4 protein chains.
Amino acid sequence: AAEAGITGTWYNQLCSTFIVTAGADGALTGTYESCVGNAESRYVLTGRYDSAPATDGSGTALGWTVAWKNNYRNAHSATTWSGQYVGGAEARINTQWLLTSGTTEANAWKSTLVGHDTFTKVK
Amino acid sequence: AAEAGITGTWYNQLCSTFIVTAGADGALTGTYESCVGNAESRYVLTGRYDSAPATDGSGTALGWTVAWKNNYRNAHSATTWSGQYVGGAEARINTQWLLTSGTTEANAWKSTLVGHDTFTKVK
Amino acid sequence: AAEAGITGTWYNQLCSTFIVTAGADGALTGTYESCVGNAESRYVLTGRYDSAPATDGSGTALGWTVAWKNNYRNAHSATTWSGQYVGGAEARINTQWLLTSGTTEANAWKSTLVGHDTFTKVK
Amino acid sequence: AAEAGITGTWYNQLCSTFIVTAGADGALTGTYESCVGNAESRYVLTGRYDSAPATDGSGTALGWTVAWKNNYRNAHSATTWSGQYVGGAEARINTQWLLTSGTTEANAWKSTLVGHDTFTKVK
Ligand SMILES: O=C(O)CCCC[C@@H]1SC[C@@H]2NC(=O)N[C@@H]21
Ligand SMILES: O=C(O)CCCC[C@@H]1SC[C@@H]2NC(=O)N[C@@H]21
Ligand SMILES: O=C(O)CCCC[C@@H]1SC[C@@H]2NC(=O)N[C@@H]21
Ligand SMILES: O=C(O)CCCC[C@@H]1SC[C@@H]2NC(=O)N[C@@H]21
């Protein structure tokens, strides 16, 4: 149910696009495009999901990472999204994220932004 | 420098073990073993790192995910670590993490733990 | 504008109630009632807000704390909300929060939940 | 034990100073001085702590807020620290924090930094 539900195109609350394949082994592979920040076009993502989730109505735990380097830009930063997939007619991936920039040691205290993204199958 | 510095075995501040290969393409692949929580033995990890970091003394941004399912246990949860690699004689990976459990919608507000891990090359 | 806008009753996305007075000195004082977790009735809150915010269209930074002890219950925990007030016809307080429980040292790694609350003037 | 243990001067891992009084009613009052960021001299803090903590060896949950406005500077930002006090010969306040800046709606996704501070009675 989770494998067959996660694979595809997802859209966050504004204008970012998350394209993912959920493998039978628990792998997440695809691309991410952010409409905000120091980013242009698609970036590689990889992650993991629970490939045997509970059947009690609980969501499916997952996470993925994007390092913000591609052929066009390098922001010297990486975001991880940690969350859960919720199935049904209004399917959702509800996440919180951590965006860490490469910094000097003196600036390390301010290296990491935190936020949240909600993904849907329709933009 | 970052590719040649990240690959290997890392140990957190207590008793967890992070085994990773940093690929030329920006990939992180390996295994994680936690000495705490609902976990036993090794779990698959995958992630991304900045494969062309700044040369100004800044750290190398990275992140990875573990879904807490293996052949022994399934915690129905996933952790993402977001952080930076700092090179030199006392090499470090400094991270913050988000641990999301699969929950019901009613319990989603309490789905996610936050913390921090510091990894070194010596335990 | 911020002082005259923050004072009053606020409601989160589900069923919690945030009653606050914004003082001229930057103080936040009031009570919080949560409809979830180990909580019953009202709890004291105190916090701070920027009493001279920017006039460029930016929000007003603020934060507050609740320790989850009152005359009825003690959860041995505390939540801090950090966020910004956004004025106008659809006024909002957009927050992220950290909920720390008192733990043993062995369990400290799992002491802290993270989430987000959006408050409006209408439930 | 917690009331008699929290009151006083605390120092973080680098060069910040946290001066606090823990009241019998659960109040935290005092001043904070940061050696980093857009900050100079002392700022008002207020917070809450569990004034009847568990006696089983668990820490004492607490939190506080600083809005980064004083007579010298206004950063248009606020930090909340959420954590626990650990008593004994090497007393500690272990915290995680959220630093929210006032932003435009377009920039709200990057409003909030996350980190951690460990406070001791000796610098
Ligand atoms: O500016 C950077 O360092 C790289 C781009 C970051 C974009 C962030 S990732 C979290 C949030 N969700 C999005 O879709 N975009 C932003
Ligand atoms: O209990 C679970 O849900 C699975 C195990 C979680 C272990 C966590 S991940 C973050 C922290 N760092 C570690 O090395 N272990 C804990
Ligand atoms: O269970 C506890 O430890 C005390 C109650 C916690 C309620 C939390 S605080 C963050 C979130 N927002 C709410 O309104 N309620 C929950
Ligand atoms: O730059 C600002 O917006 C105001 C100063 C922020 C200082 C932060 S608060 C968290 C961390 N701990 C400290 O002692 N200082 C920094």
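The sequence lines fix the lettering, A, B, ..., with proteins before strands; numbering per chain opens at 1. For the numbers below, each heavy atom of this structure counts, side chains included, while hydrogens, waters and symmetry mates do not. Ligands are counted one by one from 1 in listed order, and the atoms in each one are counted from 1 as well.
- In terms of polar-atom proximity, defined here as any N/O pair under 3.5 Å, C:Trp81 makes no such contact with ligand 3.
- Ring geometry, C:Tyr85 versus C:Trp10: the interplanar angle exceeds 60°, so the pair is classed perpendicular (tilted spans 30 to 60°).
- Distances below 4.0 Å separate heavy atoms of B:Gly37 from the following atoms of ligand 2: 1 (O).
- Near C:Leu99, meaning under 4.0 Å from one of its heavy atoms, ligand 3 places the atoms 3 (O), 6 (C).
- Of the N and O atoms on the side chains of D:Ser82 and C:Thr100, at least one donor lies less than 3.5 Å from an acceptor on the other residue.
- The nearest non-hydrogen atom to atom 12 (N) of ligand 3, considering only C:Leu98, C:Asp117, C:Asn12, comes from C:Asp117.
- The aromatic rings of D:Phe18 and D:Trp64 sit parallel, their planes meeting at an angle under 30°, below the 60° perpendicular limit.
- Between B:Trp109 and ligand 3, no pair of N/O atoms sits closer than 3.5 Å.
- Of the listed options D:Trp97, D:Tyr11, D:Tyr32, D:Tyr32 places a heavy atom closest to atom 13 (C) of ligand 4.
- Of the protein's heavy atoms, C:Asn38 N, 2.8 Å lies nearest to atom 1 (O) of ligand 3.
- Residue D:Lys69 holds its NZ atom at 3.5 Å from OG of C:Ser51, rounded to the nearest 0.5 Å.
- Close approach to C:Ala75 involves these atoms of ligand 3, each under 4.0 Å from a residue heavy atom: 2 (C), 3 (O).
- Classified by interplanar angle (parallel below 30°, tilted 30° to 60°, perpendicular above 60°), the ring pair C:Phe119/C:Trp81 is perpendicular.
- A distance-only check finds a donor-acceptor pair linking the side chain of D:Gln96 to the backbone of B:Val114 [under 3.5 Å].
- Contacts between C:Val36 and ligand 3, counted as non-hydrogen atom pairs separated by less than 4.0 Å, involve both the backbone and the side chain.
- Ranking protein heavy atoms by distance to atom 7 (C) of ligand 3, first place goes to C:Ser34 OG, 3.5 Å.
- In the model, B:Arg42 has no side-chain atom that pairs as donor or acceptor with a side-chain atom of B:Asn70 under 3.5 Å.
- Of the candidates D:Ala39, D:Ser77, D:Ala78, it is D:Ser77 that places a heavy atom closest to atom 3 (O) of ligand 4.
- Annotation: atom 4 (C) of ligand 3 to nearest protein heavy atom, C:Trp68 CG, 3.5 Å.
- For atom 9 (S) of ligand 3, the nearest protein heavy atom (residue, atom name, distance) is C:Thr79 OG1, 3.3 Å.
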Subject >> Verdict with reasoning, C:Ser77 to C:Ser101, per side-chain hydrogen bond (donor to acceptor under 3.5 Å, both in side chains) >> reply: CA-CA 4 Å; C:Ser77 68; C:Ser101 295; 4.9 Å; no
